Student: 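Dumping the structure here so I can ask a few things about it.
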Amino acid sequence: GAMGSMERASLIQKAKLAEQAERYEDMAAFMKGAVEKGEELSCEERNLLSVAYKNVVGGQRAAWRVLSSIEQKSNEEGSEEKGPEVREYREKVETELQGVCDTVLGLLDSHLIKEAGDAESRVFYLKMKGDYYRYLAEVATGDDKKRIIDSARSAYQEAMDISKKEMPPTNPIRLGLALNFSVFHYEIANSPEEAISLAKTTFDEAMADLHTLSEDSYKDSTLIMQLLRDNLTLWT
Amino acid sequence: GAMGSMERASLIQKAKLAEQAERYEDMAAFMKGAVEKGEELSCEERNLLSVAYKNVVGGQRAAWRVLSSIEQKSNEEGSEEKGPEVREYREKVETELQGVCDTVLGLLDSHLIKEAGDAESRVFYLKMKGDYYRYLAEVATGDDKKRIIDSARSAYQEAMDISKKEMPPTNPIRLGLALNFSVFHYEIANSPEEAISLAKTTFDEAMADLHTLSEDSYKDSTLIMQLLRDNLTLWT
Amino acid sequence: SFXXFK
Amino acid sequence: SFXXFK
Ligand SMILES: [Mg+2]
Ligand SMILES: [Mg+2]
Ligand SMILES: [Mg+2]
Ligand SMILES: [Mg+2]
């Protein structure tokens with residue numbers, strides 16, 4: 001493990017630099033080495049981890065979608081045989097994507113989730129687990145697709161259960177979890193009504209709690225509530 | 001060489017897909033494998049090669065500049081000692097950048113330039129040689145800096161010499177070469193007056209030749225002439 | 001979807 | 001600076 005010779009604090013330091021330089025592969029590798037030091041992550045460090053791998057897998061997912069779209073057009077009416085190259089390259093990007101998700105899932109299993117006792121950290125990491133299974137779901141086609149989907153569902157649900165018990169309904173992690181689980185329902189689970197019910201209930205419960213908030217926290221929560229609003233306007 | 005088992009045509013095909021997916025590292029590796037097949041490149045293939053490596057090194061250069069800026073601020077007045085990490089990471093990006101340039105320079109020496117007999121191809125590749133030495137110049141500091149700069153100068157000049165003899169002054173490769181050699185003068189060679197003289201002479205000679213052009217070629221040439229205009233407005 | 005809380 | 005001619 002090639003970050004093994006770097007100080008934990010230096011990895012975190014370089015992750016922040018990598019973010020500034022928009023060098024997100026680097027950022028993710030620095031944060032992976034930081035996790036493998038074996039210590040729990042602080043709030044700020046958890047944010048670095050998720051921003052890094054979100055950017056990395058986000059480019060992969062965008063590329064996969066472009067290539068999957070081309071490949072579907074190669075299957076269509078009046079479409080000239082172009083060889084195995086579109087499939088081949090979509091598969092190469094897919095396998096790369098799948099390896100990033102497996103790497104993130106591996107960090108969470110070994111051993112971030114099990115050492116996360118506080119609600120803010122446990123919910124954060126279980127939401128990540130749901131998110132990275134959801135990205136595997138987006139590209140899965142075999143039999144295993146159902147099992148990937150269930151695994152995403154199960155992480156999101158455990159996270160939902162904890163967040164409802166332990167966090168205010170304006171909490172930005174709770175809000176973002178609900179948003180993403182609703183996206184899961186709409187885009188993965190073929191459950192748009194659940195997606196809409198969850199987004200609306202989450203939005204309405206946060207609205208009723210905003211009065212408890214300082215001006216800065218109000219800003220943090222209403223940003224994500226707007227994202228719920230955006231999906232509901234898209235979905236209805 | 002890990003593209004060695006792929007068909008030349010399949011590499012070109014996948015390079016085009018990679019461009020569409022904005023997967024430019026991939027695109028560059030496909031085009032490197034295509035070059036190493038040993039055949040001359042067509043016009044369209046030469047464009048793929050330069051778009052690919054421009055995007056790759058362009059991200060590197062942007063990152064290097066961010067990190068070099070941070071590092072210079074760490075050297076300033078009232079600036080707290082932060083350790084060797086900013087330097088270390090700027091060096092890592094620098095070395096990566098230097099390897100991409102060396103890879104491009106290596107393709108041109110082995111053996112694109114020497115087999116390029118036509119003016120459009122020879123000028124294209126010598127401009128690339130100038131460009132990738134100029135990127136090495138941007139980060140060079142040792143004694144070798146002068147020699148890198150001369151090497152950039154020398155490629156640009158040979159390309160300028162051929163383009164003047166063999167191409168119309170509206171030719172987009174000739175125009176882009178002049179633009180970049182002028183940037184070389186301004187940004188690398190500490191010769192802003194030369195930079196301005198070259199941009200203005202190039203612009204004025206193209207303007208007088210635009211009447212010879214079809215509507216599509218007029219569009220191609222005036223785009224780059226506008227870029228000359230932009231630099232002159234920046235520089236004067 | 002949404003993922004770096006202030 | 002400038003580098004894919006139509
Ligand atoms: Mg230590
Ligand atoms: Mg596959
Ligand atoms: Mg062959
Ligand atoms: Mg160096």
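Scope of the values below: all heavy atoms of this structure, side chains included, with no hydrogens, waters or symmetry mates. Lettering follows sequence order; numbering is per chain, from 1. As the structure lists them, so they are numbered: ligands from 1, and atoms in each ligand from 1.
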Student: Closer than 4.0 angstrom, basic N to acidic O: yes or no for A:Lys14 and A:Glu7?
Tutor: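 Salt bridge absent between A:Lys14 and A:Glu7.
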Student: Between A:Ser197 and A:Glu193, is there a donor-acceptor pair closer than 3.5 Å when you use the side chain of the first and the backbone of the second?
Tutor: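 No, A:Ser197 side chain to A:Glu193 backbone: no donor-acceptor pair under 3.5 Å.
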Student: Going by an N to O cut-off under 4.0 Å, is there a salt bridge joining B:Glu158 and B:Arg153?
Tutor: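 Judged by the 4.0 Å cut-off on N to carboxylate O distance, B:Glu158 and B:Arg153 do not form a salt bridge.
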Student: Is A:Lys92 salt-bridged to B:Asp26, going by a charged N under 4.0 Å from an acidic O?
Tutor: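 Counted as a salt bridge, because a side-chain N and a carboxylate O are separated by less than 4.0 Å.
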Student: Hey, are A:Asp150 and A:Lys146 close enough for a salt bridge, meaning a charged N less than 4.0 Å from a carboxylate O?
Tutor: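 Answer for the salt bridge query: no.
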Student: So that I can tick it off, tell me whether A:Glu138 and A:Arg65 are bridged by a salt bridge, with the cut-off set at under 4.0 angstrom between side-chain N and carboxylate O.
Tutor: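 Looking at A:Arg65 and A:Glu138, the cut-off is met.
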Student: Less than 2.8 Å away from the Mg ion (ligand 2), how many protein N/O/S atoms can be counted, ignoring water?
Tutor: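 Considering protein N, O and S only, the Mg ion (ligand 2) has 1 within range.
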Student: Output, by chain and residue number, all protein N/O/S atoms separated from the Mg ion (ligand 3) by less than 2.8 Å.
Tutor: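 Short answer, with waters excluded from the count: B:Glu7 OE1.
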Student: Does a side-chain N-to-carboxylate-O contact under 4.0 Å join B:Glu44 and B:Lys16?
Tutor: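 Salt bridge: yes.
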Student: Please determine if B:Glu71 and B:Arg90 form a salt bridge, counting it only when a charged side-chain N lies under 4.0 Å from a carboxylate O.
Tutor: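 Result for this pair is yes, salt bridge flagged.
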Student: Give a yes-or-no answer on whether the side chains of B:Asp131 and B:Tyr156 include a donor-acceptor pair shorter than 3.5 Å.
Tutor: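 Yes.
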